Amino acid sequence: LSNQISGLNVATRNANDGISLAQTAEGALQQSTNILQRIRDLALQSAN
Amino acid sequence: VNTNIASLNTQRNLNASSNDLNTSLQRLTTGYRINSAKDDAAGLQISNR
């Protein structure tokens, strides 16, 4: 039981670090969506 | 959770909204939707020409 709870705690910690990593990835992807939105903005403005 | 608070997303949002508010303030005080500033460089060329 002690081995189980210790491995469980370290696994929950690793899962928390993974959640944070994926959160940074999601933020970067949202920034990419904003950049592509601005790209389409200037592209359709380039119809002129 | 005491060494830091994750509420700084609200700080980011208030910063962005203050930028938007200053831009709209400029737009209304000069009467120009596109400012004499950087915004809409193509529209800026059209306006200068």
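Residues numbered from 1 in each chain as written, not as in the entry; some residues may be left out. Chains lettered and ligands numbered in written order. Part of a larger assembly, values for the part shown. Heavy atoms only, no water.

Per the deposited record, cryo-EM is how this structure was determined, to a resolution of 4.2 Å.

Novice: Whenever I open this one, the overall build of chain A confuses me. Can you help?
Specialist: Secondary structure summary: chain A contains 1 helix and 0 strands in total. Projected onto the principal axes, the alpha-carbon positions of chain A cover approximately 70 × 10 × 5 Å. Across the 48 residues in chain A, those meeting the buried criterion constitute 0%. Total accessible area on chain A is roughly 4,400 Å²; 59% of this is exposed by carbon and sulfur atoms. (Helix = DSSP H or I, 4+ residues; strand = E, 2+ residues; numbered from the N terminus. Buried < 20%, exposed > 50% of the residue type's maximum accessible area, 1.4 Å probe, protein only. Areas by Shrake-Rupley, 256 points an atom, 1.4 Å probe, with all protein chains shown as cover.)

Novice: I keep staring at the pattern of salt bridges and nothing clicks. Help me out?
Specialist: Pairs may arise between side chains of opposite charge once their charged atoms sit close together. Residues and elements named next belong to chain A. Under the counting rule described, the total for this entry stands at 2 salt bridges over all chains. We note a salt bridge from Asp41 to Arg38, for which the minimum N-O separation is 2.6 Å. Note that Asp41 and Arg38 are positioned in helix 1 (residues 2-45) at a spacing of 3 residues, about one turn of the helix. According to the relative accessible area criterion, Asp41 is partly exposed, its value standing at 33%. (Salt bridge = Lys/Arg side-chain N within 4 Å of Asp/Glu carboxyl O.)

Novice: Mind showing me how you'd approach the environment of A:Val10 here?
Specialist: When you line up the elements, A:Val10 lands in helix 1. It is 24 Å that separates the C-alpha atoms of A:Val10 and A:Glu26, two residues lying 16 residues apart in sequence.

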